[PDB]
Amino acid sequence: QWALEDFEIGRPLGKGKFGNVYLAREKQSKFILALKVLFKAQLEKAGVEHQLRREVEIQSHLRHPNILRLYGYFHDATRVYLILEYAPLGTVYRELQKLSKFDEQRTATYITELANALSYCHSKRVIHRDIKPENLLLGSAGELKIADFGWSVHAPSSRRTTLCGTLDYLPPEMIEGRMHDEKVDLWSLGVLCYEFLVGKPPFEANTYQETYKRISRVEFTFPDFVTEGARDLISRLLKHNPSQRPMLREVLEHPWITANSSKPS
Ligand SMILES: *SCCNC(=O)CCNC(=O)[C@H](O)C(C)(C)COP(=O)(O)OP(=O)(O)OC[C@H]1O[C@@H](n2cnc3c(N)ncnc32)[C@H](O)[C@@H]1OP(=O)(O)O
Ligand SMILES: [Mg+2]
Ligand SMILES: [Mg+2]
Ligand SMILES: [Mg+2]
Ligand SMILES: [Mg+2]
């Protein structure tokens with residue numbers, strides 16, 4: 001139903017081994033949006049092909065203000081095209097490299113939007129498993145949207161598929177191939193809260209091996225400027241036992257969150 005013919009392609013929003021994201025405009029309506037264009041070639045010659053199926057099937061059926069919408073898709077036997085809501089203010093990744101760290105009001109707000117978004121996903125038993133600054137996009141009023149559902153599945157789940165990138169955001173159950181569930185995204189949330197305030201993930205190391213160890217041991221420390229309420233929220237989320245991690249309601253209602261945040265639940 002859609003095809004490339006319907007779009008003008010603008011400036012790239014991301015480039016990589018498998019393809020690119022483009023700013024794009026639909027020709028008949030002038031609707032501006034993003035096109036995530038993957039090379040079939042590389043998805044197959046990599047073993048990611050099934051993930052594109054789940055990314056589309058899951059994201060397309062989610063509707064939430066803090067979830068980046070997927071409007072549709074098409075292909076053309078060289079490439080696949082994901083038709084994405086365009087996020088004008090970029091990534092939290094870029095925001096973080098810009099300001100180095102975030103203040104407590106801004107951190108707590110981003111977390112609230114995250115937990116609201118995950119609340120809705122966990123309602124549909126959908127787990128993201130790839131929550132990280134590169135996949136947090138900023139809407140036109142600066143509000144956070146979760147994007148990139150390549151790693152999302154329905155919970156519970158195992159991991160047959162290979163963990164290719166950094167481990168900084170993944171919980172112990174996931175780096176070890178165990179069965180995992182919604183609590184995966186809660187660990188990630190605490191990683192993010194920490195990174196937002198400190199400027200680097202709480203388990204960053206020089207090697208994948210060292211990083212893996214620090215995650216397995218839950219081995220992180222706070223720089224002295226991190227306050228007691230943040231220390232408390234982070235420590236409660238970064239628990240080895242997934243069952244000990246809170247529910248999202250306890251996060252949205254954490255005192256430090258409600259004090260410093262501006263957005264509601
Ligand atoms: S883990 C093995 C290492 N290599 C890989 O597997 C990565 C290969 N991937 C590719 O080459 C693909 O071409 C890309 C698109 C890079 C796949 O990356 P993602 O699956 O992570 O796709 P994202 O949806 O996360 O897009 C990545 C960057 O592009 C920008 N972007 C995406 N969508 C939007 C929207 N709607 N609006 C604005 N920007 C958008 C983001 O900036 C995103 O993160 P960056 O900060 O640019 O890195
Ligand atoms: Mg459209
Ligand atoms: Mg990504
Ligand atoms: Mg992906
Ligand atoms: Mg860094």
Side-chain angles (χ1 to χ4, degrees), residues 1-14 16 18-27 29-43 46-52 54-56 58-62 64-95 97-98 110 113-114 116-118 120-121 123-154 161 164-165:
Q1 191 241 340
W2 288 118
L4 177 146
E5 290 49 79
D6 317 304
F7 303 98
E8 302 178 313
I9 294 314
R11 79 143 162 113
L13 308 181
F18 303 166
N20 309 273
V21 191
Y22 291 98
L23 188 86
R25 184 177 60 153
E26 199 277 309
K27 289 168 176 172
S29 66
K30 312 147 142 153
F31 198 97
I32 178 152
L33 51 89
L35 286 185
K36 172 162 174 178
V37 304
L38 303 155
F39 279 98
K40 261 147 173 161
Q42 270 90 323
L43 302 181
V48 201
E49 324 75 0
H50 66 290
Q51 279 186 350
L52 193 39
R54 315 198 301 241
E55 168 162 5
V56 166
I58 291 180
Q59 189 165 350
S60 53
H61 280 278
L62 302 149
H64 191 279
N66 301 123
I67 299 181
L68 181 85
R69 279 196 51 189
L70 167 49
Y71 294 131
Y73 89 98
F74 60 91
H75 59 141
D76 77 340
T78 55
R79 294 158 290 165
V80 188
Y81 297 71
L82 268 60
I83 302 172
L84 287 173
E85 146 185 30
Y86 158 60
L89 266 57
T91 71
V92 176
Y93 186 97
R94 214 132 49 248
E95 203 73 321
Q97 58 152 71
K98 184 166 100 195
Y110 280 161
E113 309 168 292
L114 260 172
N116 289 329
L118 292 162
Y120 170 97
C121 290
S123 100
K124 276 139 161 69
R125 284 229 104 194
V126 177
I127 52 190
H128 200 272
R129 313 183 307 161
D130 201 16
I131 304 286
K132 75 176 61 132
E134 302 98 282
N135 302 331
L136 303 174
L137 306 188
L138 289 190
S140 90
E143 80 281 23
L144 165 150
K145 300 168 167 296
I146 309 198
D148 183 1
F149 278 69
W151 274 95
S152 45
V153 278
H154 289 85
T161 319
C164 60

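For the single chain, residues carry numbers from 1 onward in sequence order. Both backbone and side-chain heavy atoms feed into the values below; hydrogens, waters and symmetry mates do not.
Aromatic ring centres of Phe39 and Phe18: separated by at least 6.0 Å. Here the two rings, on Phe7 and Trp2, have centers that are under 6.0 Å apart. For an aromatic pair to be called close, the ring centres must be under 6.0 Å apart, and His128 with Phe149 satisfies this.
Between the side chain of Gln51 and the backbone N or O of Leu43, no donor-acceptor pair lies under 3.5 Å. Listed for the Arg129 side chain is a donor-acceptor partner under 3.5 Å among the backbone atoms of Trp151. Under the 3.5 Å distance criterion, the side-chain polar atoms of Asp6 are matched with a main-chain donor or acceptor of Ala3. Put simply, the side chain of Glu26 never gets that close to the backbone of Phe31: no donor and acceptor are under 3.5 Å apart. Judged purely by atom type and a 3.5 angstrom limit, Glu49 uses its side chain to pair as donor or acceptor with the backbone of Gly47. Proximity of a side-chain donor or acceptor of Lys27 to a complementary backbone N or O of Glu5 within less than 3.5 Å is detected.
Residues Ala34 and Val21 come closest through the heavy atom pair CB-CG1, 4.1 Å. The minimum heavy-atom distance between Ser152 and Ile58, with the atom names listed, is O-CD1, 3.3 Å. The two residues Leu84 and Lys36 come nearest to each other via the heavy atoms CD1-CB, 3.8 Å. Taking each heavy atom of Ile146 and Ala117 in turn, the nearest pair found is CD1-CB, 3.9 Å.
Rounding to the nearest 0.5 Å places CG of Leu136 at 6.5 Å from CD1 of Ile131.
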